[PDB]
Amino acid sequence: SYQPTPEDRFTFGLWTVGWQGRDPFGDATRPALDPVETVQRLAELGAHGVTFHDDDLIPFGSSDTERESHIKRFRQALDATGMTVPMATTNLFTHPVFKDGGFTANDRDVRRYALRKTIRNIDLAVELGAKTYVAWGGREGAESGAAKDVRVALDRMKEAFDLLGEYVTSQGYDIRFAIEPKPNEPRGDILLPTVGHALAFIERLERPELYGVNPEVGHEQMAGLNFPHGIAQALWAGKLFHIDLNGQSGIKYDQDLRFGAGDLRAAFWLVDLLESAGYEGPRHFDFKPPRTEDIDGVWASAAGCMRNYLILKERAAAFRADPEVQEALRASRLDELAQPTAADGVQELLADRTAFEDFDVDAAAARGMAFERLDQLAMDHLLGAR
């Protein structure tokens, strides 16, 4: 039961299971993992593919010979296992040069370097099959108010993304960009801190159709937001190009717990939404096996991400298929929410005395929404106690 296979589209970053366990107050607890080992182990667990930052695959500062070698061993592992690479990204955050940003660094020469580093890796991503290229502007932001003029920084961010869009267009590449929001950490405040801010920004790019979001469960939860709601807004906009699945225990540092951990009911509602919307993209885990774990715990935690998705998928499907739930949804007027409010138009609404002058507000007010009964059916289904 609940055994993943490649059909389930589960993917993992090299940096997830490969995290050595260094944290702000601690040294590594595990050795570096060879990307080849990660591809093989994830394939054996039932994954569909892996993702990478440039610098996870090729050590920063590698010579061209070393680069080619690292790429060849990785491609051979992919080819041997049938593992795919649906997404890639750039590391614009680890090296000290990026201490004030990549695309929005105050130093212009750093901004140009950030773009060149990104473009090099776009070319590699395309060759390996990535259809989405993620940008996580983790260093874009500030600890203090005058350090960053945010309007001007947004000009530089737009310029950078427009330059990347011109590049991909000129090369004829079939790849799209996905902006991954995060509200803070490692900057005191990060630019484009939520799904909303990223969606809004995209609409001022030159070629908005080339850009979407890569929301992460834990990141929206670091702002105390409802992740399923934000995903719904991204889906409504047509912009859910990729997703990062994990867990987070509230408003704190970015934990990157395995999926299912943290806010379990939000994980349930997320899976319910992805499945009923027909999301077709990768089910990507951006998680960290806690540094308490040895390598065997790394693979257990990775397996748990997939298992939890599959359990939740089963429970959500059972919830929506239950005739008692379909009745409760009617009792709560979820069907009526889908009716247009005023397809008859403004003049007909204005002339309709049943909408105002003769509307019995007290009788309407007295009608309960029946949401608690509906939610307890949902609880029962999640818990297998339906």
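One rule holds for the numbers: they count along the sequence shown, beginning at 1.
Notebook entry, point to check: Comparing 72-80 with 112-120, which has the greater mean CA B-factor as deposited?
Noted result: So the stretch with the higher mean C-alpha B-factor is 72-80.
Check: 58-66 versus 33-41: which one carries the higher mean Cα B factor per the record?
Finding: That would be 58-66.
Item checked: Residue with maximal Cα B-factor (values as given in the PDB entry) among 299, 268, 279, 201 -> By C-alpha B-factor in the record, 279 ranks first.
Next item on the list: Using the temperature factors in the entry, find which of 172, 228, 188, 96 has the highest value at its Cα atom.
Entry: Of the options given, 172 has the highest CA B-factor in the PDB entry.
Check: Looking at the C-alpha B-factor of residue 363, is it in the lowest, middle or highest third of its chain?
Finding: Residue 363: CA B-factor falls in the highest third of its chain.
Margin query: Can you tell me whether residue 162 has a C-alpha B-factor in the lowest, middle or highest third compared with the other modelled residues of the same chain?
Written below: For residue 162, whose C-alpha B-factor we compare with every modelled residue in the chain, the answer is the middle third.
Next item on the list: For residue 284, return the chain-relative third of its C-alpha B-factor as stated in the PDB record: lowest, middle or highest.
Entry: According to the entry, residue 284 has a C-alpha B-factor in the chain's lowest third.
Note to self: Can you tell me whether residue 128 has a C-alpha B-factor in the lowest, middle or highest third compared with the other modelled residues of the same chain?
What the structure shows: For residue 128, the deposited C-alpha B-factor lands in the highest third.
Notebook entry, point to check: Considering only modelled residues of the same chain, in which third does the CA B-factor of residue 168 rank: lowest, middle or highest?
Noted result: For residue 168, the deposited C-alpha B-factor lands in the highest third.
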